[PDB]
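To begin, one chain is listed below as structure tokens, in the form deposited in one PDB entry.
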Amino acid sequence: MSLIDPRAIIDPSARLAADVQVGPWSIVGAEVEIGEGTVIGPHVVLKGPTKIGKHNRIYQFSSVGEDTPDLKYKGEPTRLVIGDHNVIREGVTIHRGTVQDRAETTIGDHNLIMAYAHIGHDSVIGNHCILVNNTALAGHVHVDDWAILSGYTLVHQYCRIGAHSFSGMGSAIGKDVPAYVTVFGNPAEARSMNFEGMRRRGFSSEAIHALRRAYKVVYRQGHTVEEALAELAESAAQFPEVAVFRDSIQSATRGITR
């Protein structure tokens, strides 16, 4: 019968587009905004200030928009922003981040965040990412587009997870993961690149070839990071996809996973 179930609790300051659905026993707290086409399941807790975009789905037992730990001071404004076409499965926890220092927690578009995954404060997820069951981002974690974190992947605070990268199940990531790289184990170790994912995306053969060579430059020829960046310079100018790889290594603050 009604799009907003009568058993849900909707705070008067929440703002919901006219077609939003909310299931029974869900709570949509103060300062939570929900855009067109989004479906909130039953037994969902939403807390704000939080903006959720269009055409999202949030499943049962999720807590989205929770308090950030250790604020600089009491009542520093925080925020969580979720874009469009995302799926947040059961039991997921997502915390807000601080606004003043531009460290909101942010999730882009077309992401899949699977059961019991955890998105810690100030983390930023791009587009078309997949965080499989029980993945946990500790805090201040940046996950660039098309990355796949397999089940039970744990990510240390401040780590960057490169575009189109891949972690194996149960991986424990302490350092940055360069774009395209595949990591496994606890502690995580680089193995290869996700050539599969490149093909599914339609990369040319020449760019794949140039990425395979780039992997060897960084990981298999005894170079220092500095020497590898200088050697990749030329290929990175020719192939935007190698520039993605090179740029991910240059902006690494915690060293790269090796």
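Between two forms, the rigid core is defined as the largest C-alpha subset superposing within 1.5 Å. Residues that one form lacks are left out of the comparison. Numbering starts at 1 and follows the sequence shown.
Quick note: we don't show the form deposited in another entry, though the next part is all about it.
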Original post:
Among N86, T106, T98, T182, whose C-alpha is off by 2 Å or more between this form and the one not shown on a rigid-core fit?
Top reply: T98
Original post:
With the core lined up, does the C-alpha of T68 move 2 Å or more between this form and the one not shown?
Top reply: yes
**OP:** Based on a C-alpha change of 3 angstroms or more, tell me if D70 and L149 lie closer or farther in the other entry than in the shown form.
**Re:** closer
**OP:** Taking the shown form as the reference, report whether the CA atoms of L71 and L80 lie closer or farther apart in the other entry; the distance changes by 3 angstroms or more.
**Re:** farther
Subject >> Consecutive-residue runs (3+) with Cα displacement of 2 Å or more between this form and the one not shown, core aligned >> reply: 68 to 77, 98 to 103
